[PDB]
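J.: Before anything else, here's the structure in question.
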Amino acid sequence: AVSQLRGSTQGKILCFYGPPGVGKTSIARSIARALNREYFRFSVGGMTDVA
Amino acid sequence: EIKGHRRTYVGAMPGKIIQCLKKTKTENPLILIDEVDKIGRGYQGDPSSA
Ligand SMILES: Nc1ncnc2c1ncn2[C@@H]1O[C@H](COP(=O)(O)OP(=O)(O)O)[C@@H](O)[C@H]1O
């Protein structure tokens with residue numbers, strides 16, 4: 001609703017949290033096909049090489 | 001070892017999997033990973049991510 005007002009597309013950050021297996025990841029892709037944005041998963045659990 | 005080398009390093013060779021795919025010559029073999037329990041989980045690049 002806000003993107004519809006202030007002209008162009010805009011980014012923003014969000015966070016989800018809750019017990020595992022609630023469907024978080026599933027909604028991600030569903031939103032991506034809602035807005036028409038492309039999806040790209042990127043795990044970083046336990047990573048340490050900033051490079 | 002699971003991913004080979006860049007091919008820009010001297011002596012780089014493809015990771016093990018390409019060799020298995022090259023050898024069995026099928027697209028759908030039955031790979032058998034062994035001893036998952038004992039994967040060397042070190043600082044030197046964690047296979048468990050790989
Ligand atoms: N309320 C729900 N609505 C839609 N899908 C659900 C719901 N609850 C569970 N799921 C299913 O749970 C599975 C795992 O969800 P996902 O977030 O992808 O993985 P995880 O739950 O491990 O984060 C998905 O296949 C998804 O369809």
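Residues are referred to by chain and number: the chain letter is A, B, ... according to the order shown in the structure tokens, the number counts from 1 in that chain, and ligands are numbered separately from 1 in the order shown.
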Tell me as a PyMOL selection string which residues belonging to chain B come within 10 Å of chain A, counting only C-alpha atoms.

T.: chain B and resi 43+45-46+48-49

J.: Could you write out, as a VMD selection string, all the residues of chain A that DSSP marks as alpha helix (DSSP H)?

T.: chain A and resid 2 to 5 24 to 35

J.: In Å, rounded to a single decimal, give me how far atom CA of residue 26 of chain A is from atom 5 (N, counted along the ligand's line) of ligand 1.

T.: 6.3 Å

J.: Please find the residues contacting ligand 1 at a distance of at most 9 Å between atoms, with only C-alpha atoms and all ligand atoms counted, and report them as a list in words.

T.: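 The residues near ligand 1 are residues 19, 20, 21, 22, 23, 24, 25, 26, 27, 28 and 29 of chain A.
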
J.: The selected residues should be written to file as a compact mmCIF listing (two decimals), in the first residue's frame (atoms: N, CA and C atoms).

T.:
```txt
# COMPACT_ATOMS: atom_id res chain seq x y z
N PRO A 19 9.02 -20.85 16.15
CA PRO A 19 9.45 -22.23 16.22
C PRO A 19 9.72 -22.79 14.84
N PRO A 20 10.67 -23.70 14.71
CA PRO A 20 11.06 -24.20 13.39
C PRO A 20 9.91 -24.92 12.73
N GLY A 21 9.85 -24.84 11.40
CA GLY A 21 8.81 -25.55 10.70
C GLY A 21 7.47 -24.88 10.71
N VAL A 22 7.39 -23.61 11.07
CA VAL A 22 6.12 -22.92 10.96
C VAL A 22 5.80 -22.52 9.54
N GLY A 23 6.73 -22.65 8.61
CA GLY A 23 6.46 -22.23 7.25
C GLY A 23 7.10 -20.95 6.82
N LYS A 24 7.96 -20.38 7.66
CA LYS A 24 8.67 -19.15 7.36
C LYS A 24 9.18 -19.21 5.93
N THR A 25 10.04 -20.19 5.65
CA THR A 25 10.63 -20.21 4.33
C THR A 25 9.57 -20.30 3.25
N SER A 26 8.48 -21.02 3.51
CA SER A 26 7.47 -21.14 2.47
C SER A 26 6.84 -19.80 2.17
N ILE A 27 6.67 -18.96 3.20
CA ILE A 27 5.99 -17.72 2.91
C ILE A 27 6.93 -16.85 2.16
N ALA A 28 8.23 -17.06 2.33
CA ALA A 28 9.15 -16.17 1.65
C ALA A 28 8.87 -16.27 0.16
N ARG A 29 8.92 -17.49 -0.35
CA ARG A 29 8.73 -17.69 -1.77
C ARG A 29 7.34 -17.26 -2.19
```

J.: Would you pick out the contacts of residue 9 of chain A at 12 Å or less, using only C-alpha atoms, so that residues sharing its chain but fewer than 6 positions from it are not included, and give the list as a list in words?

T.: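 Close residues of residue 9 of chain A: residues 1, 2, 3, 35, 36 and 37 of chain A.
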
J.: Please produce a file of those selected residues containing N, CA, C and O atoms, as an mmCIF file, in the first residue's frame.

T.:
```
data_model
loop_
_atom_site.group_PDB
_atom_site.id
_atom_site.type_symbol
_atom_site.label_atom_id
_atom_site.label_comp_id
_atom_site.auth_asym_id
_atom_site.auth_seq_id
_atom_site.Cartn_x
_atom_site.Cartn_y
_atom_site.Cartn_z
ATOM 1 N N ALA A 1 0.817 -1.195 0.000
ATOM 2 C CA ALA A 1 0.000 0.000 0.000
ATOM 3 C C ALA A 1 0.854 1.249 0.000
ATOM 4 O O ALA A 1 0.521 2.218 -0.683
ATOM 5 N N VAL A 2 2.013 1.208 0.648
ATOM 6 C CA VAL A 2 2.824 2.415 0.674
ATOM 7 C C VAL A 2 3.576 2.550 -0.620
ATOM 8 O O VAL A 2 3.765 3.659 -1.115
ATOM 9 N N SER A 3 4.045 1.440 -1.180
ATOM 10 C CA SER A 3 4.758 1.557 -2.437
ATOM 11 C C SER A 3 3.864 2.156 -3.491
ATOM 12 O O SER A 3 4.340 2.831 -4.405
ATOM 13 N N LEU A 35 4.524 -10.208 -4.898
ATOM 14 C CA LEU A 35 4.976 -8.933 -5.433
ATOM 15 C C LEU A 35 5.478 -9.020 -6.850
ATOM 16 O O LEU A 35 5.541 -7.982 -7.504
ATOM 17 N N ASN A 36 5.871 -10.211 -7.303
ATOM 18 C CA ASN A 36 6.522 -10.477 -8.582
ATOM 19 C C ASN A 36 8.031 -10.306 -8.480
ATOM 20 O O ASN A 36 8.716 -10.287 -9.501
ATOM 21 N N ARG A 37 8.575 -10.134 -7.285
ATOM 22 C CA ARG A 37 10.025 -10.147 -7.173
ATOM 23 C C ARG A 37 10.589 -11.556 -7.280
ATOM 24 O O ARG A 37 9.952 -12.539 -6.909
#
```

J.: Hey, can you check how far atom CA of residue 39 of chain A sits from atom CA of residue 12 of chain A?

T.: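 Separating atom CA of residue 39 of chain A from atom CA of residue 12 of chain A is a distance of 15.2 Å.
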
J.: Report the distance between atom CA of residue 5 of chain B and atom CA of residue 17 of chain B in Å, rounded to one decimal place.

T.: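 Distance between the two atoms: 12.5 Å.
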
J.: Would you mind telling me which residue in B:23, B:33, B:50, B:44 lies nearest to residue 3 of chain B when using only C-alpha atoms?

T.: B:50
